[PDB]
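Structural overview for review
Residues per chain are reported as follows:
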Amino acid sequence: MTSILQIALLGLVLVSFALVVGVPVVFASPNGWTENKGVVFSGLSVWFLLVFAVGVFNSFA
Amino acid sequence: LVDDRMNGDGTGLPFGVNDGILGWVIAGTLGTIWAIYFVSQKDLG
Amino acid sequence: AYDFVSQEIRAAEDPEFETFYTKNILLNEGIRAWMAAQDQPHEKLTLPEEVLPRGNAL
Amino acid sequence: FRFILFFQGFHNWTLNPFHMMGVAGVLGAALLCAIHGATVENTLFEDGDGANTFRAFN
Amino acid sequence: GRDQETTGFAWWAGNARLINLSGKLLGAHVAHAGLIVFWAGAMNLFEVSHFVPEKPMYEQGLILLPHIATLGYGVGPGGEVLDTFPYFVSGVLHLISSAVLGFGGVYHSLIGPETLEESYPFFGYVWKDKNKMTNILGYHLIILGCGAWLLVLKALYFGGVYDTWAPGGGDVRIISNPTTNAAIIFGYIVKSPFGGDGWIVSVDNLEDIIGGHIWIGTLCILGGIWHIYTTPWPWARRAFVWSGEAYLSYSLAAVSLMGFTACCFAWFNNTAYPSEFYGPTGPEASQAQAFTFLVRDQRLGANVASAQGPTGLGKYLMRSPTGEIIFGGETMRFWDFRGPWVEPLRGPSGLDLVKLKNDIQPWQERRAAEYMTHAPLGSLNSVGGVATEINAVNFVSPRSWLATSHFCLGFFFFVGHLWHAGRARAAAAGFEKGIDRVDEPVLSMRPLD
Amino acid sequence: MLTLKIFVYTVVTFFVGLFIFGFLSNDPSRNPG
Amino acid sequence: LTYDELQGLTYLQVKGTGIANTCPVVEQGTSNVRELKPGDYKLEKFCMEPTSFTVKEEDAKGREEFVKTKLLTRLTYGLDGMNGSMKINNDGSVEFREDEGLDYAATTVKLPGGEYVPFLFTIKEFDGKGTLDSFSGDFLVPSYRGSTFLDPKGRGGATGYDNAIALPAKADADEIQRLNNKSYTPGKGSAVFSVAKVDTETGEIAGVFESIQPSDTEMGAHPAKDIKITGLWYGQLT
Amino acid sequence: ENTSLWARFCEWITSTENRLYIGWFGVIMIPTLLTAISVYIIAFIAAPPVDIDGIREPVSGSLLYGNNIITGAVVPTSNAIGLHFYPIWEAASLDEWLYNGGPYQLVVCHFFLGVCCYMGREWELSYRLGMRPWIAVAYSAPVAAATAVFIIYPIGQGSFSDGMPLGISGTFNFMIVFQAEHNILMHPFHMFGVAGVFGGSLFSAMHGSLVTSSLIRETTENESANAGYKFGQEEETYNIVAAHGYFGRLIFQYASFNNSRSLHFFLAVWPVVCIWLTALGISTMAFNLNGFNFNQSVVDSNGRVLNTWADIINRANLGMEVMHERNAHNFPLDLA
Amino acid sequence: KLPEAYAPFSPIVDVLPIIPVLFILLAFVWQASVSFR
Amino acid sequence: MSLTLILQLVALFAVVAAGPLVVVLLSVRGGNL
Amino acid sequence: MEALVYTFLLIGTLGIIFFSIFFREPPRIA
Ligand code: CLA
Ligand code: CLA
Ligand code: CLA
Ligand SMILES: CC1=C(/C=C/C(C)=C/C=C/C(C)=C/C=C/C=C(C)/C=C/C=C(C)/C=C/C2=C(C)CCCC2(C)C)C(C)(C)CCC1
Ligand SMILES: CC1=C(/C=C/C(C)=C/C=C/C(C)=C/C=C/C=C(C)/C=C/C=C(C)/C=C/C2=C(C)CCCC2(C)C)C(C)(C)CCC1
Ligand SMILES: [Cl-]
Ligand SMILES: [Cl-]
Ligand SMILES: [Fe+2]
Ligand code: NA
């Protein structure tokens, strides 16, 4: 499960890149937040899911 | 011992109060100035 | 204005008279002795370690 | 820096009253610079309504 | 954002535009808190990645790992690193929490309400509503008290903490019977700050530390409740300035004092900052050098007790001004040093001549030599030793880094007390922008001062 | 030496008390503004 | 404070109180000193504590009198930890000997008119003789300053200058005593000890002592002054 | 007003009609500073030698004991004391207190209190006169430096014996030993401090010359130009525009500082900031951090050490190090 | 060092600590973007 | 040249460009800065 | 005797400072 943990961690790093570079853009954009609530919610949810997956994979192996 | 000393250096004495007379004079002076302030100004609490 | 001759004479006569000025003179002496060899290569000063002024255990 | 330490070691430049007067002059000049700047910046007339006092000057 | 025309503050004072914007101020403070946690996590990960457990922690320039190790978490007897995993866990946790706090700061700074007074009355302070400000102080005071009790619980029922005074080389001990005596605990604060006394820096037991944190946690919770349920007294209203900048200035003064205290704690104290992780102190290194040379010359025959130095004062041993036998030389200035490796050699009247002859154990000698070779002396570019060295060793003591950095921070925050406090006073009175130019106070005063 | 110590303690306490209770006696209202 | 009372106290209970400089005092002995059992004893825990310092001064009329002084070097004048031998004889004859320990202490008294008088209060190698009521003897007095000690201008024995280099035209016989005459020759002092109390069960003894030793000669710069030191001494036998 | 004596006392203390402003910071500044002045004067004139190094080698620093003004000083406290508190009542006698260097500690403590209260008093008078309260912030820099050389460095080194002696030759000795043990010249904070004093001198000369040159003609010849200015002139007597034009043309146009306020803020902030930095450098070196150590940093292909000017500085530092305290060291490493 | 699972991610950890000092520079960049309005 | 060095440089460039990139995107988009 | 001269010079400087403080010419406004 070491390889699985590593690819999950890379996915988490990529999702964090996306969130860091997008959340300020969505927030400061005019009317951007209202039309992008779902996208940001999906991003945060998958980010937290990846965090917990990395945690459980670390626990396993 | 050839002389007399305070012998207080390097001790955990509060405020350096080795004898109670020092603490009493400290309290008396602070309390007297406080009494002057209280009877002149207004302290309540 | 290197020295006060009165104090140097008094120290020479009195082996226990010391001021910050005399300590500064000793410091200057150390600086000169330990910097001369490499600061002024043309002098070719091959001073043995036993002639360099030095304190105690240092 | 080597030049400075050489002067201390050989000439005893610190004890010389002329470097003393020079030190006094330079430190006093720095003191005057700081004091004049602070005193002017702390005795300014209002001349404006903004909390930025630099804009209130023509 | 804002502009200078609508606010009166230029860009180089732009955060001053947030004084009366409660929501954006909350966002800014949350973002800076997220920054603090992010540095904690990232630097912890950096340290563990660059850490080899074979070498001592202070050899490798680590400041956070000693902090974690002092709380237990993977250290064996004598301060030997067993598991580096808890350090990694701490780094990851602080880092993820920092990500959450950063998102929160961004939200409360960009999209959240600019002013919270209307929509969220519970968070709508006014910088002069004394009751509300005391309520906020009480909430955060309760939080601080809970943190202190958290430390107490860690030392009491969760494996204890690293006692460097434990017999042997020190070990992780569960502190039982904390010092909960009022006289002992409060005698530290009224203790002198000079030599031999050291104020609170001279705390030496773990029992004293745990009892003190017990008292501080309980008092902080009680004071939080008190400041929640009460309004400042009428004499308190007249004594203080009531504005946001005034509160900032008070906090600046307090944390400048705390920074100076932390600098001195890191430099002098070796109980809460065990030398196994932070390395020897200055006094510790000097005493270690004197002890090492004493044992070397004592092994080579000789009698250190009667050995007279060049000054006629004692080459290895002398008498402290009070009369206690102490190591000779310059290290006589550090005669009040106390360490785990030197206390067994001290009798009722100070260093014992008999114990110094035969009671010395090899581990004490090894620790003394190691401390002597790693004295807290270094250069800016991390070159170990005195200023006159050969640029061969790469070492600056973590104690030196902590002391220097937090002393600079303490001084600058004292200057902060000065600046923000004077400005608070002037703004309350009305002089913040300058003299009136129509009614100067000076023009209403008699001449010749 | 005890008499000197108690005298100095009295003097220091007197002056520090004056400072503390002078800065309390409605000081912020002592400005021209 | 007897030996046991001092020994029971911890370092933290003694540091800062000046008790360390004091020598222990026997408390439950007997003044009858003749009751001590004869034999050879390894005298250890030997300590000496002065009670006064007086400096000899000769006035205009030649009346060499001892003037009381004021101590300057705080509580750093107590000798302790010394070891030696002692032979109590049946008639009371005593062969006292001191070998090791902190048997020297550099001190500096001040004489009226403002004279700083330094000296090494020492009992080194005191080979005393006499009765059990009072035994006297001589002891070595090392030079106050070691050879490697440097004078304020760098002169000194061993490591030194042997010349006033600050005067590149004055190194002549007018400064013979100060230059190169750093005579570190040890002197001798005289001491007298009287036994006051003896605890036979503990085997400890205590009494009074009086010693006369020269002052600091400052490496031969000026003549030595006679120092008279009275005090009390303690020791343990075998 | 209030008939109470306390109210009258508070009015008099905070009165702005006094020739010198007493304040609440004043009531602590006056006694501490007067005590320090008295002790310093009496000790500098006639005080017996002090065993500064604790090696029973007293150092004479008073005029009565064969000193002049340049060499005279108040010798720091004995090294045997260390950081211990040494009041007069602690010593057995005045003779012992003088011998162990008590006057230095007394003067330093009462003087540190005095300067802190002096800064507070500057703020207090600024508040009483209705002016901006930041002269004290500027004054903090000398206070920071004095604290660093009198309090912080002894604390870091563990003894008041390492504090700067209250004298001239003592000051020079302190500087030389500091360079020996810390290589302060190579420290970037003494670099910033030197840049600060040199910039203070440069900017003081530049600003004074510009203002004096721009001084508008209100006084003709046959008398000093100072008569043109009046204390109540309430107007600029100098043409600022001409001075700005000259300064711009001297080096390059658009050199800024067309604001008098910006110019004076820069004048205030440059030396103050640089002195803050150099005081912080002194304190950090007090905790043994030292300057750059580039000794033997340059080596050739085979490994031979190629000397640099840093090596010559190190040779001078070695010369100072092996002589600074001849008899106080029993072991090879100073470490203290 | 890091646990063997996280060994390949060592460069990211070696780069992370400098971000806090990047935030203040980002604030200056943002102010410059608005002409220091 | 080193693989660790290559990855370090890549991560450094990414994190450095992250801030200016979002600033530029908000400027071109028209977001309130 | 040198100490006497130094003390006199210091006393003179301090007296000059005292006179310049408390016996200064008043600053004339306008
Ligand atoms: C950590 C320090 C810090 C913090 C927390 C703040 C916070 C704040 N500042 Mg400020 N500022 C700072 C430093 C700081 N500042 C410094 C050093 C300066 C001197 C240059 C200034 C000068 C300044 C001025 C002149 C102004 C502010 C203003 C503001 C407020 C409005 C922000 C805004 O909406 O702008 C716009 C926001 C953007 C352009 C978006 C870009 C930046 C975002 C936050 C991206 C962050 C990147 C990050 C990785 C995102 C993580 C996402 C997460 C999910 C992981 C805000 C609460 C304004 C104010 O007064 O409020 C009314 C204002 O005018 N500041
Ligand atoms: C950092 C947390 C904190 C803060 C910011 C405050 C702030 C405040 N408190 Mg509070 N308090 C706290 C914690 C805190 N308190 C705790 C934990 C308790 C429980 C013990 C209390 C109990 C308490 C009471 C009973 C009262 C206050 C009051 C006040 C207000 C008046 C302050 C004052 O009297 O001036 C300054 C205080 C003094 C000049 C007196 C100093 C007393 C201390 C003990 C001196 C100790 C000196 C000692 C030698 C240590 C010196 C070392 C030092 C240099 C570090 C003020 C806004 C008063 C109030 O307004 O009622 C609401 C009041 O009556 N507090
Ligand atoms: C560049 C900014 C900067 C940086 C990088 C640091 C960094 C550091 N500071 Mg510093 N500081 C700064 C600015 C900075 N500071 C400023 C501006 C000031 C004011 C002048 C201070 C004042 C200051 C003080 C007074 C102290 C530090 C200290 C420290 C060190 C420890 C940090 C810490 O743990 O804090 C504190 C951590 C918290 C507040 C959160 C703790 C929350 C709980 C209680 C933790 C408990 C965990 C628990 C036991 C585990 C769970 C157990 C459970 C299972 C039962 C650290 C290396 C400390 C130090 O080491 O002294 C040298 C110290 O005491 N700093
Ligand atoms: C308001 C504003 C500001 C500020 C801002 C801020 C400061 C924010 C915060 C921010 C932040 C502070 C954020 C955070 C982030 C973080 C994150 C997002 C994390 C992530 C993580 C991950 C992805 C993973 C990792 C890993 C692990 C865990 C393991 C090991 C390895 C690694 C490390 C890889 C400014 C100045 C601009 C100005 C303007 C306004
Ligand atoms: C934890 C612990 C401990 C304990 C500690 C403690 C016990 C603490 C507490 C402390 C404290 C108990 C503190 C307090 C402080 C206080 C203060 C610092 C005050 C100040 C004051 C003020 C700031 C005021 C001012 C003023 C006046 C005077 C006048 C008018 C105006 C005003 C009001 C402003 C120990 C040691 C064991 C060690 C270990 C740990
Ligand atoms: Cl010196
Ligand atoms: Cl030494
Ligand atoms: Fe001007
Ligand atoms: Na030396």
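Residues numbered from 1 in each chain as written, not as in the entry; some residues may be left out. Chains lettered and ligands numbered in written order. Part of a larger assembly, values for the part shown. Heavy atoms only, no water. Residues with missing side-chain atoms left out of burial classes, pairs and counts.

This next bit is on the coordination of the magnesium atom of ligand 1. Coordination of the magnesium atom of ligand 1 by the protein comes from a single atom, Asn15 of chain E (OD1), at 2.2 Å. Among the secondary structure elements, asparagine 15 of chain E is positioned in the loop between α1 (4-7) and α2 (22-49). (Donors = N, O, S within 2.8 Å, 3.2 Å for Na, K, Ca; no water. Helix = DSSP H or I, 4+ residues; strand = E, 2+ residues; numbered from the N terminus.)

This brings us to the packing of aromatic side chains. How two aromatic rings sit relative to each other is set out by the distance from centre to centre and by the angle between their planes. Under the criterion given, the structure shown has 85 aromatic pairs over all chains. Aromatic pair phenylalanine 19 of chain F and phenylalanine 25 of chain H: ring centres 5.5 Å apart, planes at 70°, arrangement edge-to-face. Of the two residues, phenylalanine 19 of chain F is situated in helix α1 (residues 2-24) and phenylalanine 25 of chain H in the loop between α1 (5-13) and α2 (26-45); the pairing between them involves two chains. When the ring of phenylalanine 111 of chain H is compared with that of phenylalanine 150 of chain H, the centres are 6.1 Å apart and the planes differ by 80°; the resulting orientation is edge-to-face. In this pair, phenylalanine 111 of chain H is assigned in helix α4 (residues 102-128) and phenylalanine 150 of chain H in helix α5 (residues 135-157), connecting sequence segments 39 residues apart. For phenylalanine 111 of chain H, a relative accessible area of 29% puts it in the partly exposed group. Given the relative accessible area of 12%, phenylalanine 150 of chain H is considered buried. (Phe/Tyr/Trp six-rings, centres within 6.5 Å; stacked < 30°, edge-to-face > 60°. Buried < 20%, exposed > 50% of the residue type's maximum accessible area, 1.4 Å probe, protein only.)

Attention now goes to the site of ligand 3. Residues and elements named next belong to chain E. By nearness alone, 18 residues border ligand 3, and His67, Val255, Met258, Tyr273 and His406 come closest of all. In this structure, an oxygen atom belonging to ligand 3 sits 2.8 Å away from a side-chain N or O atom of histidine 67. At 3.2 Å, a side-chain N or O of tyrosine 273 approaches an oxygen atom of ligand 3. Where the shell around ligand 3 is concerned, the elements lending two or more residues are α3 (64-69), α5 (130-157), α9 (244-268) and α14 (398-429). The biggest single contributor to the shell around ligand 3 is α14, with four residues. Partitioned by chemical class, the residues of the shell around ligand 3 number 13 nonpolar, four polar and one charged. (Near = heavy atom within 4 Å. Polar contact = N/O pair within 3.5 Å; in protein donor to acceptor, adjacent residues only side chain to side chain. Nonpolar A, V, L, I, M, F, W, Y, C, P; charged D, E, K, R; others polar.)

So, about the site of ligand 4. In the vicinity of ligand 4 there are 17 residues, among which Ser16 of chain A, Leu35 and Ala99 of chain E together with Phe23 and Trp30 of chain I approach most closely. Relative to its unbound accessible surface of 980 Å², ligand 4 loses 82% to contact with the protein. Partitioned by chemical class, the residues of the shell around ligand 4 number 13 nonpolar, four polar and no charged. (Areas by Shrake-Rupley, 256 points an atom, 1.4 Å probe, with all protein chains shown as cover.)

What follows covers unusual backbone geometry. Among all residues save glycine, negative phi is the norm, and among peptide bonds the norm is trans. You will see that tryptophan 127 of chain E, though not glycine, has its phi angle at about 65°, which is positive. Mapped onto the elements of the fold, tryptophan 127 of chain E is located in the loop between α4 (85-110) and α5. For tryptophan 127 of chain E, a relative accessible area of 19% gives the class buried. One non-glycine residue, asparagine 183 of chain H, adopts positive backbone phi at about 55°. Turning to its location among the elements, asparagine 183 of chain H is positioned in the loop between α6 (168-182) and α7 (188-214). For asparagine 183 of chain H, a relative accessible area of 6% gives the class buried.

Among the 23 pairs of chains that make contact, the interface with the largest number of contacts is formed by chains E and H. Over all C-alpha pairs, chain D and chain F never come within contact, reaching a minimum spacing of 13 Å. (Contact = heavy atoms within 4.5 Å.)

Before going further, it helps to examine the UniProt feature "signal peptide" (unreviewed entry) in chain A. The positions that UniProt labels "signal peptide" (unreviewed entry) are, in the present scheme, residues 1-28 of chain A. Strand forms 0% of residues 1-28 of chain A and helix 96%; the C-alpha atoms that close the span are 40 Å apart. (UniProt positions renumbered as here; feature names shortened; annotations may be inferred.)

This part covers the interface of chain H and chain E. A common way to state how big an interface is: give the accessible area lost once the parts meet. Contacts between the two partners involve 74 residues from chain H and, on the opposite side, 72 residues from chain E. Approximately 6400 Å² of surface area, both sides summed, lies buried where chain H meets chain E, with 66% of it carried by carbon and sulfur atoms. If you sort the residues of chain H by the area they bury against chain E, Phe287, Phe331 and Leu335 of chain H come out on top, with a joint share of 13%. Taken together, the connections running from chain H to chain E amount to two salt bridges. With its nearest N and O atoms 2.6 Å apart, the salt bridge here joins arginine 19 of chain H to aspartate 449 of chain E. In this assembly, chain H and chain E are joined by 23 residue pairs in polar contact. Going through the elements one at a time, α4, α5, α6, α9 (260-286) and α10 (309-321) of chain H are the ones with two or more residues in the side of chain H that touches chain E. (Buried area = accessible area lost by both parts, 1.4 Å probe. Salt bridge = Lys/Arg side-chain N within 4 Å of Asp/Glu carboxyl O.)

Residues and elements named next belong to chain E. Its 24 residues place the ends of helix α7 (residues 206-229) 35 Å apart at the C-alpha level, agreeing with the 34 Å of an ideal helix rising 1.5 Å per residue. Listed in full, the buried residues belonging to α7 are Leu206, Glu207, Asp208, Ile209, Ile210, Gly211, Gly212, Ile214, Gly217, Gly223, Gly224 and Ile228. Those residues of α7 hidden inside the fold are in contact with α5, β1 (161-163), β2 (171-173) and α6 (182-186). (Expected span 1.5 Å × (residues − 1).)

Let us now look at the pairing of strand β4 (residues 79-88) of chain G. Residue and element names in this part refer to chain G. Sheet topology places strand β1 (residues 39-58) next to β4; seven bridges connect them, and they run antiparallel. Bridge assignment links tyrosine 41 to a residue of β4, and that residue is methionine 86. As judged from the five bridges shared by β4 and strand β5 (residues 94-98), these two strands associate in the antiparallel manner. Residue pairing in the sheet places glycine 84 in a bridge with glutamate 98 of β5. Connecting the antiparallel pair β4 and β5 is a turn made up of five residues, with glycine 92 showing a positive phi of about 105°. (Pairing = 2+ DSSP bridges.)

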